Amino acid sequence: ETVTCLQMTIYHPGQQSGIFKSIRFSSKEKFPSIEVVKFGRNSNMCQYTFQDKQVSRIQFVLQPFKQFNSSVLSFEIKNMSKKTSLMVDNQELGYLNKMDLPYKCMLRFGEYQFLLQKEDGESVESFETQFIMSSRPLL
């Protein structure tokens, strides 16, 4: 079965300093759909970490779920930061605010810009992430 992929194109104006040095790019990573994927500074709490004192120890999390009467995998995004708002397009998520992720959207937190694009697949037990470099700003 094909696997749903969350393709995240990521940018930071200071990325040349090593902000994304722990991220493997253009390599799909598979997760069970009962896992929660976390992004942040603390590598004991987050599968994905940014080398940045500005980043909260957990910044945000992806929460896979299924709508009723639907066979595809949806994802909530939830802001875990008490200090830094998370922008999803023009929607601002405060602390512990969550929303369903659109199929294509721009995430902003601090100086970070993430273009997230969901490509549905048929597997219900797994999903994959994929990270893409951008030398120039997305926004």
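Note that residue numbering begins at 1 and tracks the sequence as displayed.
Chemist: Return whichever of 11-19 and 121-129 has the greater mean Cα B factor according to the PDB record.
Modeler: Per the PDB record, 11-19.
Chemist: Determine, for stretches 51-59 and 71-79, which one has the higher mean CA B-factor as deposited.
Modeler: Comparing 51-59 with 71-79, the higher mean C-alpha B-factor belongs to 51-59.
Chemist: Compare the C-alpha B factor of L6 with those of the other modelled residues in its chain, then answer lowest, middle or highest third.
Modeler: Lowest third of the chain for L6's C-alpha B-factor.
Chemist: Can you tell me whether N97 has a C-alpha B-factor in the lowest, middle or highest third compared with the other modelled residues of the same chain?
Modeler: Ranked within chain, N97 CA B lands in the lowest tercile.
Chemist: Considering only modelled residues of the same chain, in which third does the CA B-factor of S33 rank: lowest, middle or highest?
Modeler: For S33, the deposited C-alpha B-factor lands in the lowest third.
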